[PDB]
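Below you'll find only one chain, the form deposited in one PDB entry, shown as structure tokens.
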């Protein structure tokens, strides 16, 4: 197998119904990669779309400081494999779960940094006429040496002007997308990013439905247990505005005065 031949497994770092993700060292260069190994999806099925979106996303994207880098992908033995950059700090979900287990948080300075960096990743992706459509802390990865945030798990990436929408995590999903309005999808990434930062800031777990869910889509920010500048708060506020056209574009976001630096 090319997998065994080119790589040595070190550690299982992720798993799901699809299969697993392994931390591996490539024998030829001695570098660490995150390799996802999954059972070959049914040909034509939704999962085959997912797998295809991920590779054809790189076909357009390539390389960027705030997108998890792809190196290769292949299929063998009824499985598919994708070789990605290894981000040694895990996902923002791990970092948050580790903040809670151990009694920590993210300073306002750090929340802004998170917002700007993922913002730069979105700026790029949108500029390539694509949208990520599954922004959430578990799909934001962290490289340390001192931190770089990188957008990964491109399995939902689709076109701005010809969108095949498999709808993302309900907790981070904008209402217009649920309403089958796909005309401003870049602004759904912006909405999901806002709630991603809210999670990082220490908000209680986001609702999947119910009145709390609807109150958020009405433009009400989840409660943040720490004191943030009103300016920063308002930015997160407008980013989840019910009118997607009122939300800042990724460009406006990365150019925003409150995010200077």
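C-alpha atoms forming the largest set that superposes within 1.5 Å between two forms make up the rigid core. Positions refer to the first chain, counted from 1.
- Modelled in this chain, residue 88 is likewise built in all the other compared entries whose models extend past it on both sides, so a third of them omitting it does not occur.
- Figure legend: residue 145 is marked as unmodelled in at least a third of the other comparable entries of the protein.
- In terms of unmodelled positions of the deposited sequence, the stretch from residue 145 to residue 146 in this entry skips 10 or more residues.
- As listed in the deposited structure, the average C-alpha B-factor of 211 to 219 and of 43 to 51 is greater for 43 to 51.
- Stretches compared: 117 to 125, 146 to 154. Higher mean C-alpha B-factor in the entry: 146 to 154.
- Of the candidates 192, 28, 35, 199, the deposited coordinates give 199 the top C-alpha B factor.
- Taking the deposited Cα B-factors for 183, 164, 170, 138, the highest one is held by 164.
- Ranked by C-alpha B-factor against the other modelled residues of its chain, residue 235 falls in the middle third.
- Among all modelled residues in its chain, residue 247 ranks in the middle third by Cα B-factor.
- In the PDB entry, residue 11 places in the middle third of its chain by CA B-factor.
- Annotation for residue 106: CA B-factor lies in the highest third of the chain's modelled residues.
- Per-chain ranking of the deposited C-alpha B factor places residue 99 in the highest third.
This next part talks about the form deposited in another entry, which is not shown.
- After superposition on the rigid core, the C-alpha displacement between this form and the one not shown reaches 2 Å or more for just one residue among 64, 58, 26, 217, namely 58.
- Here residue 90 does not count as shifted, since its C-alpha moves by less than 2 Å between this form and the one not shown after the core is aligned.
- The two forms, fitted on the rigid core, differ between this form and the one not shown by less than 2 Å at the CA of residue 127.
- For residue 74, the Cα coordinates differ by under 2 angstroms between this form and the one not shown after the core has been superposed.
- In the other form, the Cα-Cα separation between residue 224 and residue 103 shrinks by 3 Å or more relative to the displayed conformation.
- In the other form, the CA atoms of residue 118 and residue 163 sit farther apart than in the displayed form, by at least 3 angstroms.
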